[PDB]
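Before any comments, here is the structure.
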Ligand SMILES: [Ca+2]
């Protein structure tokens, strides 16, 4: 028929190439299961699968290993796609990671990594990145080849428990240049004993909480 091609899709890039130019919720076939994700279809050519998004404090990111593994939140809003789904997606071919940030004054910034994957659960979903470029600054490279930690699974390189103080699940080092799964505060400045906000060291700094943050992936076709 004369209607556009339809899903479910291998990824947002496949939907984009089929002529779906509007961002929104798409169905992806990830492994043996179809999962709904937000696709950013306009920025930098589109085709970006959102795997993490912060924007309004509606979802608790201080949550269980099982929730970090399986995914939590909902794709129309704040969510975390899940370590296992992201492992499945990035276990097939090369991927670019795009990090999108916005501060409370409306300034935006972007980080790109040419290469992004996770080890499986048996290797604690260790992060692998590729070459960096972007205006945001490279505040994820310090987390390369770090295991994923949550408060009951302290795998970081800190004397104490990074997740306990910075409140995310993350590939904590000692402790972080970026904390995108941290506490979303209702303004850029907040009162806390710890740098626990949604921060990016090289874009507004570790004492700031960003208004919007998101992590997106797309197949990398050289
Ligand atoms: Ca520790």
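Things to note:
- Residues in the stretch 91-111 that are touching a residue at least 24 places away in the same chain (Cβ under 8 Å) and more than 24 Å from residue 135 (Cβ to Cβ): 91, 93.
- Candidates 129, 180 - the one that is within 15 Å of the chain's Cα centre (by Cα), closer than 23 Å to residue 87 by Cα and assigned by CATH to the domain that holds residue 85: 129
- Selection count where residues are in contact (Cβ under 8 Å) with a residue 40 or more places away in the chain and at negative phi, scope the stretch 112-129: 5
- Matching residues, the stretch 59-90, being part of a helix (DSSP H, G or I) and buried (at least 21 other Cβ atoms within 10 Å of the Cβ): 68, 83, 85, 86, 89
- All positions within the stretch 1-26 that are touching a helix residue (DSSP H, G or I) at 6+ places or on another chain (Cβ under 9 Å) and part of a strand (DSSP E or B): 9, 26
- Scanning the stretch 166-185 for residues that are out of contact with any strand residue (DSSP E or B) (no Cβ under 7 Å at 6 or more places or on another chain) and surrounded by 19 or more Cβ atoms within 10 Å (Cβ to Cβ) turns up 166, 168, 175.
- Test: residue in the stretch 40-51 that is within 30 Å of residue 207 (Cβ to Cβ), free of Cβ contacts under 8 Å to residues at least 24 places away in the same chain and under 14 Å from the mean Cα position of the chain (by Cα): no
Because the Cβ atoms are built from the backbone with ideal geometry, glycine has one as well, and the counts that use them run over all protein chains shown. What is reported rests on the model, the rules as stated and the sources as named; no laboratory instrument gave them.
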